[PDB]
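Engineer: could you work out the structure for the sequence below:
(9 chains, ligands or ions: 2)
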Amino acid sequence: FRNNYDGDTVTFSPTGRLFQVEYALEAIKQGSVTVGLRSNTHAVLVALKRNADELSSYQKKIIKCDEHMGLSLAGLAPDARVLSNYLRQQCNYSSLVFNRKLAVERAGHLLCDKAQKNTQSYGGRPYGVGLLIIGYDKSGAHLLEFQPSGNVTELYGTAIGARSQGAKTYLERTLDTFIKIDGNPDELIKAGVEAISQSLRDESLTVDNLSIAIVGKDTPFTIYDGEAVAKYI
Amino acid sequence: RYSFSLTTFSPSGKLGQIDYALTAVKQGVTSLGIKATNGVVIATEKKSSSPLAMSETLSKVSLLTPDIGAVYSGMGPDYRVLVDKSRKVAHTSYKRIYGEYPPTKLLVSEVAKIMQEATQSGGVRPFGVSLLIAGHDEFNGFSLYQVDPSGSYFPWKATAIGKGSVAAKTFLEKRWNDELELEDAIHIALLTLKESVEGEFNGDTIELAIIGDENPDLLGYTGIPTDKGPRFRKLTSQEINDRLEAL
Amino acid sequence: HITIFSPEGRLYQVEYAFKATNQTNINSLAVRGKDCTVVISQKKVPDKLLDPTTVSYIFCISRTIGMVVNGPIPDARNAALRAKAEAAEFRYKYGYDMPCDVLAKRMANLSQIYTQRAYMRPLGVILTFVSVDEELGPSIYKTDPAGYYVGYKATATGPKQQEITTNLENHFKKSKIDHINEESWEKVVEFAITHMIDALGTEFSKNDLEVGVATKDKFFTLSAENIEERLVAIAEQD
Amino acid sequence: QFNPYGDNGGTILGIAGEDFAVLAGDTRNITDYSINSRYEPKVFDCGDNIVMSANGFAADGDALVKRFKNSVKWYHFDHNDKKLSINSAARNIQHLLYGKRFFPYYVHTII
Amino acid sequence: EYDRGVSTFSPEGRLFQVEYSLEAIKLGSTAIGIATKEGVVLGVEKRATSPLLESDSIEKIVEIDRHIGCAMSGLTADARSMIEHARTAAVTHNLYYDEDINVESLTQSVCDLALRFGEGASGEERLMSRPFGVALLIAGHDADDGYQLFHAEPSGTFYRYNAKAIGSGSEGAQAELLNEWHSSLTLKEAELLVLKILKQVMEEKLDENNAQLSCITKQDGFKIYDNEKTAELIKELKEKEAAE
Amino acid sequence: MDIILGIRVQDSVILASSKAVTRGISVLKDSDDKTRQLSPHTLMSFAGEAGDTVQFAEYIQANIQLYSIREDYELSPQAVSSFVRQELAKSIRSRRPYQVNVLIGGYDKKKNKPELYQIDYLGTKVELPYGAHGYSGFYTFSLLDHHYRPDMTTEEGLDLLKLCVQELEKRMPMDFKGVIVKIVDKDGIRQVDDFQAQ
Amino acid sequence: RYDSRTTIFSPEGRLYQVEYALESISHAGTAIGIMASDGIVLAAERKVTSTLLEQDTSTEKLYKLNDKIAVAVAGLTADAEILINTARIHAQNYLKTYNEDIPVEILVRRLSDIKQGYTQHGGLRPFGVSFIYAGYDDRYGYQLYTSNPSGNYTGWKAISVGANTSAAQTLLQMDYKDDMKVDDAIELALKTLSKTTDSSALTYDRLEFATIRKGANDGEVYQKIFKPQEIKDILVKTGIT
Amino acid sequence: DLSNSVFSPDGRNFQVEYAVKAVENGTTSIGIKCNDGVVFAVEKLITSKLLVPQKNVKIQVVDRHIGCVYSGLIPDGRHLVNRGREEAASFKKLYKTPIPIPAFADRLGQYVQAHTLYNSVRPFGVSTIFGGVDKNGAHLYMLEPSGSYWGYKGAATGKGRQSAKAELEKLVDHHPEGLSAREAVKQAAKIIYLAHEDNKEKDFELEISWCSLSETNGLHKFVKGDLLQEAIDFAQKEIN
Amino acid sequence: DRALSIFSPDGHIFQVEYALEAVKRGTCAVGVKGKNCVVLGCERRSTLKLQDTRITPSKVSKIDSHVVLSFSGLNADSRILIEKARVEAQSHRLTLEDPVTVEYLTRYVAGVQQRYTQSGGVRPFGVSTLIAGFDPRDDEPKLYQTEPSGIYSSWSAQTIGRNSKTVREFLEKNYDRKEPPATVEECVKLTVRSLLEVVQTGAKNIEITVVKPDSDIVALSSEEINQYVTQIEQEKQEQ
Ligand SMILES: [Mg+2]
Ligand SMILES: [Mg+2]
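Structural biologist: Residues are numbered from 1 along each chain as shown, chains lettered A, B, ... in the order given. Ligands and ions are numbered 1, 2, ... in the order given. Find the structure here:
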């Protein structure tokens, strides 16, 4: 009937849990779906732009941070923009000062240590949004899974969002294949596209619903909007 | 329970916490003081936790200025630190501006000004101590003063605060006239203090001092006319018990 | 509950604070020599995986002042530090090394301030400072979390306070002086261990204990080995 | 005392052709009566089909360009890679430059 | 009712305080926006307490720049704030780049303003406790995406629209609009359109006093239709109904 | 420096103040009033540093008018000049002093008598029968010491002053372009605009 | 919305927090001030009694605020002293600036404005004092002003505050001729004051007084806080043993 | 019992217990002080086949001579490391000589300390193991949420601490003279495997690091490569 | 859900609402304009009258030579606003020469009333207000009302305070929207009778202050106001 241990981000449950942070992950599960998958020549983000009404635009979920880096998001736009924004600076600091392009492992570090603060101090609340990051440094391709709980994990591919399961599995299986798709972009994508269409229920994806992003060995981070993705349907 | 706990007005007008502070007062040790035409006396019981503590290292009647000393009843610690700042304010806000030391009245008020701060402000509990400050100064003569945690203060002829006040205040009330010399008082003090004890009544177990007269000895220097000596006199364990003779 | 007066002016957080000091579970006793001072504390090492070097409830604050604390190790290391630096800052700002009795004042002062202004929860530890200053010699002053200190001719902190106490008290009504008659520390040390063993209905090996000695300006912690040899000393003579 | 400024020679040039534009400027670099490098570029592309160059005191110069090339980048981030009309760039520079009014950039710059 | 305190998360991961603020905008009088490849229209229901208030006093539609207009809905005090930040955000940009700000880029700034409120701050100071009790109908024209229309929501998010309506009878119109709107709508068409859905889901007899109407074009910029134009336009409206 | 005069008479005060404005070489305006009425019966002429001058005056003016509607009661010449001096006193030890000298003429209604206060930029005040800041005194002070009488009519004063002027013209190097004259009395302020045709 | 906090507003636009304090007054000694066409009177009855308390080389009810202005307290002792202090300061800044005596109206106002200040912000409670201001300035002559903790001030012909000031109040409404020379007032003072007492009878010791007066022989204003003696005496003059 | 600052009727801070409670709940970490230098190991838990191996490192170096690992709340751990990183590097700039492990702990203990003093902050949710060398030998300690830490001959926390505990117990007696630098690693390799048998249905990846004047050369190096493999196999045989 | 800096389910800030409940508790004010004037009427809570007539306060307050205002609600508050307004009135004139626009003024005032409804740890001004005057070098009468929340509004004639609802009604069917009261004399005549509803006899409870252009201003005397009560009761009896 009752539960007092869920007041602020600051209080521990008798067992050692933070319900507030647990809830933020729930709003993460509420937002639209999105996918990421890597190999050795490129990285790909594919997302399902969801619109409000029928007379309105679809709210985008991809963002660039440098020629070589980006991410997708599942959740609250505001929260996301902030995080991605902070991220943008971090790369710039490196480039100007040291003139070196920011390594992804490290990019996750900072986004951990950042979102971390909100779990330890009173007053605030935690970030309501998850992100799949992609990039191409000197250790080739990389892909990250980030949670508001400050946990960033390095993967081979994944999905987040509502009904994110079906893709996570499609991926889990078709792995052995795509990790080997090097030199071919359109292939990684079609692959990614299939992994996602493997999660729809309302209906199929159109030119307006779809959005893709890529980055690689000679492919600075670029995004494909609407009629430009036309082919991949 | 009520609208007590916190710094805000109870339905009538009674300010909350303050009264519970004046509780740690009433519960505290018994202490008194008498203003007496050519001297003033302040004293308090020295109820020892245990005989393993050499209580000889903790003043209850303490020196504020070579003309003013004071005493308490309530939360030991509050008095210890309250004093030190109190001494400073008597400097920074007076002696360093004027060259000399401050009259009773003002130093008290200055202490009260501090007693005040602790109230008008959330995030800070007031002091659990009432002070009996006794002193003198060339223009107002001898003075007696009480200071509650509520900041406020009054000018007395003599009085007590603590466990045995209801009683003592009555005993004192009987034994007072306006011509009494100091030794009369000193004597009279003990006899009030008499009842108010549960433990012993020897020297080392009674803390008392008084404001009397210049001690040209105590200075350490000689050659300056106007600089003659402190009036504050903390009677030591010896001088006391001897006065136990004439009861 | 919280830090502001009860209905009988006794704000319990300060009271509660006390049980926790005790709660650690160790017994600390202290007595004066004639040209030295000493403190006894137990050294119960449970976990067979630790290292007795790293254990202790007594630390070297100054060149001549030591400190023992019956209380929880985290909170102690704190008090340890601040105090350790107050003296450091003192000698600098004033020309002469800070005495026992004084440190204990800013120390109690400090714990009072906290308590009244609410800038943090009080530390749940009782600090027992020792040394010998050339103004009052063998000095011993103690401080509690309710911000308050005083003097002891010889004291004790622990789950079993009054026992260790009463003994000394009785030994004092007879020896009649306010300290321990004797020239050598080794000898005094012997004396205390003695008065403690007798006081616990318990015996200690050469590691089950912890003791310190304050000399003529050269405070040092008693180590594992030298410690045993006093048990040798006080075995036959008993 | 310390003299925070210096001159590294150089000469640049800009002509506005009918439907083109040139920004030329030599590659020498100097100090007193000495040489520093036979080859050292002072003219740059900053993207968005816009060339820049700042001659006078190298350090203040290249810092401005750097500080600018970044301010271009950031313009795209906040306005969806909208191209910077040259006219715009200049109004922007004015500010950058004026930022350090009471400790200027010891340079004549051209775009 | 536990779970209603600003930065608090519902166990389904939701923020009601926010959601209620939306419920504020409801109480506002109705506002409607229509985007046509010809120009953009902004029309609002006025609703006046007494006949002694001077209609023009209600600034439900306001100019943000020669190229950008706006209509608000809900809390009037809060409006004035957003309107002022916006007005400033615009000019500032022009001072820095000698050009005009992209409608959305502007809109962005405004939403950037909204969600910038803390509760003691877990890092960033945000002096302003709760969210805004108002939404916006930003409607302008930059030369990159031509005519544009936007919806400003207190949540710090927004959407682009062809036609949208906020205020009291939100759905009453949104439904209507949902099936009245089509690209090749001319401007004259659009006016008589807004003017119809208002009257319908409006409250009283429609007339220039209870309805302010405006529009903005590449040509002249944001212009707030005086009472004449509006008055007659009512006629071209209430006349065609008679027939069909 | 410029010209600032003032003379207290019977039941009024008179303020003279040159009209020209100079920028190193050329002379811009030459019909410039260095005046600023503080309240219905108080008035202040001034001369000083180019910017410092006109700013300070208005600022002082502001405060007064404020006080005067807030209270609804008018402030006395005496007290006014006290405050001005206050402000300059601080000004002088400020990170940047307003370099400005002034004359303050007013009619104290309670005493039903006219008061005149001279005050330099250092914050130096004094009630006087007449005065002049800067070099202006040297050339005139004598004639005033000579002919001045406390009882003089308003007209008597003008003549005197008029004479002081004729002198300033005759022996002063600078061309001050004439003077604007003004009178403060139980009736308030009016301008002797006629001093062009006179 | 009930009691607590000053920043709270009850469903009917009431600030309870205030209304309590604004009433807390009904606990202090009865203070009275009266106007006459030649002088102002401040009368006050002491409280906190016992038999071991001095009051001669002190007071705590009648405080001299300016050589031309005086006030009668009735609230929290601790509070009063704070305002009394800053009230004195400000009065002096007026002097130091305009080199003139500060007008009563003005002074009262500024104080009422601080009391009001504490009436609207979180983290502080309103002052629980009430003052009878009495003074003179050549702008509007003699003036009797009053103010509560609500931060409102008032011009009065003759007023009272504190205890039984409803009873005491009405007694005044009877006898009061606008011109009523001072002595009739000083007299009236006691008449009004006696009638409203829990003491067996009115004893000098437990009583405080002062008056303000000015003229042609003084040319300026003189005020007197009455010393222990003068009182013990005028009391007899009004026929009291 | 609900706020961080407060005390219980008989002196107890509950928030810290729960802190502890969460420390246990997480993965298991260990460390061992040997001949000269130390050896650490943790338990990365492969939850899926989509995790790049040899990747998400849970162990971190400090300066260039201090190994370090923990378990409980991962971001809390990371955070704490940073502070430790400043303190170190600041000290270093100041005294020149690389920071003494003995004091280091306190610097951290003192920081973990604070988060038990105010209510506005949250207790540190991790137990931390670490060590390194210097002039007077190698050391190894273990810091808890309470801020209380000490020196151990080897440490352990997270899920199954007893497994490794009784396991660490043995070593003491048979090698009461410090275990071989080399054998230390391979032994640690085993002690982990044994303690993992809770997440048994779920595979995992073991990570190891160490310090030694002889092996690492005063430094802290990541046990990866060849020695790394055999150290596993070594464990794999005894794994029966 | 009342301790506002938070929202009701239906999106209310009940505190801000309640505050208005105090303006009703207070006295009453009413303003009217013509094509040359703007009159401000108010009542007088003549309740405990044993106080000097002379210096004790009166609702209407001049903010600048050409502008004035009135209120209803907490006197305690009101004063502080008036002061801060008067100050801004000059700060403008100083930094801009040009004297203030009545619209601007109000916006400033409303900005303050508005400031006291955002930061937690402050409470709203229990004061609603009428502000009237004529812009610099302008002959168009301006009337505005501001209230506690922060909203400002221009009215042809409006009323606030207790029983405003009533007189409002009255006004509604008297004030001709098409043409405003021409002459000043009668513009007053109007306002006066509009207050006679709540007054309860006696020009001893009715304050009138009149404002014309070119910074003219002028409060009314008792008999003047009486000669109206007179010339109105007369036509009432004539009906
Ligand atoms: Mg452009
Ligand atoms: Mg706390």
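Engineer: where along chain D do the strands fall?
Structural biologist: D:12-15, D:22-25, D:29-31, D:34-37, D:43-45, D:51-56, D:107-110 (DSSP state E).
Engineer: and the fifth one with chain A, contact?
Structural biologist: In other words, strand D:43-45. No - residues of strand D:43-45 contacting chain A under Cβ under 8 Å from any Cβ of the partner chain: none, with a closest distance of 15.0 Å. For the C-beta atoms, the positions are set from N, CA and C on the backbone; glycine is no exception.
Engineer: ok, back up a step: mind checking which of the strands of chain D is nearest residue E:106?
Structural biologist: strand D:51-56 (28.5 Å; Cβ to Cβ).
Engineer: in that closest one, what's buried?
Structural biologist: D:51, D:52, D:53, D:54, D:55, D:56 (16 or more other Cβ atoms under 10 Å in any protein chain shown).
Engineer: most packed of the strands of chain D?
Structural biologist: Greatest average neighbour count among those goes to strand D:51-56 (a mean of 21), per mean count of other Cβ atoms under 10 Å in any protein chain shown.
Engineer: pull up the pairing partners for that strand, direction included.
Structural biologist: Strand D:51-56 has its sheet partners listed here by DSSP bridges as strand D:43-45 (antiparallel), strand D:107-110 (antiparallel).
Engineer: export those to TSV and tack on distance to residue F:110?
Structural biologist: Converted to TSV, these look like this (distance: least, Cβ to Cβ, whole Å):
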stretch	distance to residue F:110
strand D:43-45	77
strand D:107-110	67
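Engineer: any idea how far the one residue in chain G that gets nearest to chain B is from residue G:127?
Structural biologist: Of all residues in chain G, the one sitting closest to chain B is residue G:24 (2.4 Å; Cβ to the nearest Cβ). Distance of residue G:24 to residue G:127, computed by Cβ to Cβ, to the nearest Å: 10 Å.
Engineer: which residues do these two both contact?
Structural biologist: Shared contacts of residue G:24 and residue G:127 (Cβ atoms under 8 Å, 6 or more residues apart in numbering or on different chains): G:75, G:76, G:149.
Engineer: run a quick neighbour tally on the last one.
Structural biologist: Just to be clear, that refers to residue G:149. 30 (other Cβ atoms under 10 Å in any protein chain shown).
Engineer: return the residues in contact with it.
Structural biologist: So residue G:149 contacts G:18, G:21-22, G:24-25, G:75, G:115, G:119, G:126-130 (Cβ under 8 Å, 6+ apart).
Engineer: among these, which one has the most neighbours?
Structural biologist: Going by other Cβ under 10 Å, residue G:21 tops the contacts of residue G:149 with 30 neighbours.
Engineer: that residue: what secondary structure?
Structural biologist: helix (DSSP: H, G, I helix; E, B strand; the rest coil).
Engineer: on that earlier part again, restricted to strands, list the contacts of residue G:149.
Structural biologist: Among the contacts of residue G:149, no member falls in strands (DSSP E).
Engineer: quick one: which of those is nearest residue A:170?
Structural biologist: The closest of these, once distances to residue A:170 are taken by Cβ to Cβ, is residue G:119, at 66.9 Å.
Engineer: I figured the closest one was touching residue G:22, is that so?
Structural biologist: No - under the criterion of Cβ atoms under 8 Å, residue G:119 is not in contact with residue G:22, lying 9.8 Å apart.
Engineer: mind listing the shared neighbours of these two?
Structural biologist: G:149, G:150.
Engineer: where do the strands of chain I begin and end?
Structural biologist: Counting by DSSP E, the strands of chain I are I:28-33, I:38-43, I:61-64, I:67-73, I:127-134, I:141-146, I:152-154, I:157-161, I:206-211, I:218-219.
Engineer: would you list those strands in CSV and tack on mean neighbour count and distance to chain C?
Structural biologist: Formatted as CSV, the strands of chain I follow (neighbours: other Cβ atoms under 10 Å in any protein chain shown; distance: least, Cβ to the nearest Cβ, whole Å):
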stretch, mean neighbour count, distance to chain C
strand I:28-33, 26, 45
strand I:38-43, 26, 47
strand I:61-64, 23, 44
strand I:67-73, 27, 36
strand I:127-134, 27, 36
strand I:141-146, 24, 41
strand I:152-154, 21, 43
strand I:157-161, 25, 43
strand I:206-211, 22, 50
strand I:218-219, 12, 53
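Engineer: need the ones you listed in JSON lines (columns: distance to ligand 2).
Structural biologist: Shown next, in JSON lines, are these (distance: least, Cβ to the ion, whole Å):
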{"stretch": "strand I:28-33", "distance to ligand 2": "49"}
{"stretch": "strand I:38-43", "distance to ligand 2": "52"}
{"stretch": "strand I:61-64", "distance to ligand 2": "47"}
{"stretch": "strand I:67-73", "distance to ligand 2": "40"}
{"stretch": "strand I:127-134", "distance to ligand 2": "39"}
{"stretch": "strand I:141-146", "distance to ligand 2": "43"}
{"stretch": "strand I:152-154", "distance to ligand 2": "44"}
{"stretch": "strand I:157-161", "distance to ligand 2": "47"}
{"stretch": "strand I:206-211", "distance to ligand 2": "55"}
{"stretch": "strand I:218-219", "distance to ligand 2": "57"}
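Engineer: any chance of these in a markdown table, with distance to residue H:2 too?
Structural biologist: As requested, those are exported to a markdown table (distance: least, Cβ to Cβ, whole Å):
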| stretch | distance to residue H:2 |
| --- | --- |
| strand I:28-33 | 51 |
| strand I:38-43 | 55 |
| strand I:61-64 | 53 |
| strand I:67-73 | 42 |
| strand I:127-134 | 42 |
| strand I:141-146 | 45 |
| strand I:152-154 | 46 |
| strand I:157-161 | 48 |
| strand I:206-211 | 58 |
| strand I:218-219 | 62 |
